[PDB]
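**Q** Protein chains in written order, with the UniProt record's numbering: chain A, 29 to 66; chain B, 30 to 251; chain C, 101 to 149; chain D, 24 to 116; chain E, 35 to 154; chain F, 38 to 74.
Ideal placement from N, C-alpha and C gives every residue a C-beta, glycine not left out.
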Amino acid sequence: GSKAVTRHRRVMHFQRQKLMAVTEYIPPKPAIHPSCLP
Amino acid sequence: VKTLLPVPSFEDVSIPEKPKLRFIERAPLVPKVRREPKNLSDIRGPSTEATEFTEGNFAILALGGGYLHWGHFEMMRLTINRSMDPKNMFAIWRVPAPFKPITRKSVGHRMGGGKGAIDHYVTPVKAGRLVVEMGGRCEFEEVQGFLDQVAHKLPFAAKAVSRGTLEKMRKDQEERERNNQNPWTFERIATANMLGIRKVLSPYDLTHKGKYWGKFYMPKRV
Amino acid sequence: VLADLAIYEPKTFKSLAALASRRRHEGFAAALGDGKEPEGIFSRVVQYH
Amino acid sequence: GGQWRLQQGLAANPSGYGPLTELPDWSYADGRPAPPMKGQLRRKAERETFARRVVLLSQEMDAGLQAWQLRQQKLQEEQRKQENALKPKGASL
Amino acid sequence: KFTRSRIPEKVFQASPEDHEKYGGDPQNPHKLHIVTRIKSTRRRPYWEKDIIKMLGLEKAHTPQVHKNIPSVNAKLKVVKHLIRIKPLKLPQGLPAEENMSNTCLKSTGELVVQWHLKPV
Amino acid sequence: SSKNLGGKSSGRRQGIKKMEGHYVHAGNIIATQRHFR
Ligand SMILES: [Mg+2]
Ligand SMILES: [Mg+2]
Ligand SMILES: [Zn+2]
């Protein structure tokens, strides 16, 4: 197949794709938007 | 009235002699007779060398792996030397001259019959390595413009950075890491072999933490 | 048997649907009020030992 | 189906571990109970084997703990008895 | 190359937050595990297949009782991604001789000593 | 065209024969080596 290093982003195994989709960064969400409160 | 602030003074920065970029030769003075394999690992993962400023305050930072060859070297050196100010800015290399020999077989050749003759030389570069550094009694905006110009023409992703810019990026990366709100981390799962994920992952992923894919680096990956 | 009753005992099936709707409303009220007090009447599962 | 059954602690599959499965299907019309069903007999045998294994494992763990405690006590007593053999006279006077 | 994976021991060190999340008491831990296979050994390495065979979890969703001792714990750590581990709790005492016949595992892990079929 | 030839030797199967704690009889080879290790 391909080498471990390539020029075309080398689409991943579906398990790895699910892992990356599940381990994404989630920013914190304040209870009330900062602009609304005084 | 508009309030005014003191200008950042430059009384503690001295430009060195020969402020322009040194010529870079395509091939080493002593050519390598023995041909080496394509150890593609020298562009994989984060850079362990030339990651921090030494004398200047601005630089070109690589955000991905790749090979620099003589055309790239000439492009960056010519653009920098024709776009900088010798009396107030100095530029210094941070990548060695091309030393890795790339061999190619003759055109229209079938597979087999030994390796090919050495054709040219390249400089491997990893993500996170400074390629050219800049210093002097100048602000960042002009150098940022005409250095992003050069960085857009590199074989990999690149940016124009400063000391404060790079420090800010690193602190924001740490802040994102600590305030990440989901409880499932690539590092945790990979190191604990959760779900048996090591059958899909790589032995390098334990240290790459999911932030590196081949010669590509994801700065938003956490 | 649910389809059997739906075809041949429509009264019984209407009673079953009414009971399911009552339980659904009780579940909504429970999700609103955490019980407090009666946690519903067609709730209160029967325990076995 | 039922996952709420698990929250009630009731065998998410309603076809095991409950009266609907373990009660006799039928009995004679005059009142005499029916012979036990084959699935119920097999489930009873498996349950007995599981309980006996639980008892055996617990007893083996307790015996191992007691043996370790006894070994530690015996070693301590033997070393303490080794301690007291002193008849010093070289630096007595 | 794909190899066996050794897990750092810092993974198997619970925090007070974990002791609050789950009902386990770090003092007087549970004697016995209930282990249940919930994932096939197909597309898994032969050593994991063998470990499942040794642990006796060849049949999926069938509970098996094991000791809470380091040897079997390492055995379970090898295949921890294919199984479910719960503590075995005894509401009453251990099964006696005259109550050994009428028992039930009674999921949530409570091995009940008396098993009637009547409502409370 | 493949100027290199010759390097086709098999492994010598050299190393430790009896490891630490192994019971050994007189004359048994413990380890076969070159370039003392
Ligand atoms: Mg050889
Ligand atoms: Mg050979
Ligand atoms: Zn607002």
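At what residues does the beta strand (DSSP E) containing residue 191(B) begin and finish?
**A** 187-191
**Q** Tell me which residues share the same chain as residue 38(E) and place their Cβ nearer than 7 Å to its Cβ, disregarding the 5 neighbours each side in the sequence.
**A** By the criterion of a C-beta distance shorter than 7 Å, residue 38(E) is surrounded in its chain by 81, once the five residues flanking it on both sides are discounted.
**Q** Exposed or buried, residue 242(B), counting other C-beta atoms within 10 Å across all chains shown (16 or more means buried)?
**A** buried
**Q** Can you find the residues in the same chain that come closer than 6 Å, C-beta to C-beta, to residue 49(B), ignoring five residues on each side of it along the sequence?
**A** By the criterion of a C-beta distance shorter than 6 Å, residue 49(B) is surrounded in its chain by 110, once the five residues flanking it on both sides are discounted.
**Q** Name the two residues that bound the continuous beta strand (DSSP E) containing residue 96(B).
**A** 95-97
**Q** Give me the Cα-Cα distance between residue 43(D) and residue 112(C), rounded to the nearest whole angstrom.
**A** 22 Å
**Q** Can you tell which of 141(E), 137(E) and 144(E) has its C-alpha closest to the C-alpha of residue 75(D)?
**A** 137(E)
**Q** Taking the beta carbon of residue 100(E) as the centre, do at least 16 other beta carbons fall within 10 Å, making it buried, or is it exposed?
**A** buried
**Q** Pick from 186(B), 155(B) and 191(B): whose alpha carbon is nearest that of residue 171(B)?
**A** Comparing Cα positions, the closest option is 191(B).
**Q** Give a yes or no on whether the minimum CB-CB distance between residue 148(C) and chain E is below 9 Å.
**A** yes
**Q** What are the uninterrupted segments assigned as alpha helix (DSSP H) that are 4 or more residues long and contained completely in the stretch 31-91 of chain D, given in chain order?
**A** Qualifying alpha helix (DSSP H) stretches, in chain order: 42-45.
**Q** Using only CA atoms, which one of 121(B), 70(B) and 216(B) lies nearest to residue 164(B)?
**A** 121(B)
**Q** Please confirm whether residue 60(B) has its beta-carbon closer than 9 Å to some beta-carbon of chain E.
**A** no
**Q** Taking 7 Å as the limit, tell me which residues put their C-beta closer than that to any heavy atom of ligand 1, in chain order.
**A** 44(F) and 46(F)
**Q** Nearest to residue 120(C) by alpha carbon, out of 140(C), 147(C) and 146(C)?
**A** 140(C)
**Q** Roughly how many angstroms lie between the CA atoms of residue 70(D) and residue 224(B), to the nearest whole one?
**A** Just so you know, the alpha carbons of residue 70(D) and residue 224(B) end up roughly 31 Å apart.
**Q** Return the residues of the stretch 103-120 of chain E that lie within a Cβ-Cβ distance of less than 7 Å from chain B, sorted by chain order.
**A** 115
**Q** Use the C-beta contact count for residue 46(D): other C-beta atoms within 10 angstroms, 16 or more gives buried, fewer gives exposed.
**A** exposed
**Q** Taking the straight line between their C-alpha atoms, what separation do you get for residue 72(E) and residue 91(E)?
**A** If you take the alpha carbons of residue 72(E) and residue 91(E), they lie about 9 Å apart.
**Q** Taking DSSP's pairing of strands, which residues face residue 51(F) in a bridge?
**A** Residue 51(F) is not bridged to any residue.
**Q** Buried or exposed: residue 51(A), going by 16 or more other Cβ atoms within 10 Å of its Cβ?
**A** So residue 51(A) ends up on the buried side.
**Q** Consult DSSP for residue 148(B) and reduce its assignment to one of helix, strand or coil.
**A** Three-state DSSP puts residue 148(B) in a strand.
**Q** With a CB to CB cut of under 7 Å and the five nearest residues on each side skipped, what residues in its chain are close to residue 41(D)?
**A** The answer, listed in chain order, is 33 and 34.
**Q** Could you tell me if the beta carbon of residue 138(E) falls within a distance shorter than 8 Å of some heavy atom in ligand 3?
**A** no
**Q** Excluding the five sequence neighbours on either side, which residues of its own chain have a C-beta within less than 8 Å of the C-beta of residue 98(E), listed in chain order?
**A** 68, 69, 70, 89, 90 and 91
**Q** Just checking, does the stretch 205-216 of chain B make contact with the stretch 178-196 of chain B on the three C-beta pairs under 8 Å criterion?
**A** Too few Cβ pairs lie closer than 8 Å, so no.
**Q** Which ranges does the alpha helix (DSSP H) cover as unbroken runs of at least 4 residues, wholly within the stretch 77-142 of chain B, from first to last along the chain?
**A** 99-112
**Q** Are residue 160(B) and residue 107(B) touching if we call contact CB-CB under 9 Å?
**A** no
**Q** Measure from the C-beta of residue 209(B) to each C-beta in chain A and report whether the shortest distance is under 9 Å.
**A** yes
**Q** If the cut is a Cβ gap below 7 Å, which residues of chain D does residue 134(E) touch?
**A** 71, 74 and 75
**Q** Looking at chain F, is there any beta carbon in it that lies within less than 9 Å of the beta carbon of residue 145(B)?
**A** no
**Q** Hey, is residue 87(E)'s beta-carbon within less than 9 Å of any beta-carbon in chain B?
**A** no
**Q** Which same chain residues, not among the five before or five after residue 126(C), have their C-beta less than 7 Å away from its C-beta?
**A** Same-chain partners within the cutoff: 140, 142 and 143.
**Q** Are the CB atoms of residue 119(E) and residue 86(E) nearer to each other than 9 Å?
**A** Cβ distance not < 9 Å, so residue 119(E) and residue 86(E) don't count as in contact.
**Q** Per the DSSP calculation, residue 118(E) is bridged to which residue(s)?
**A** 70(E)
**Q** Taking Cβ-Cβ distances shorter than 9 Å, what residues in chain B pair up with residue 32(A)?
**A** 69, 70, 73, 231, 233 and 243
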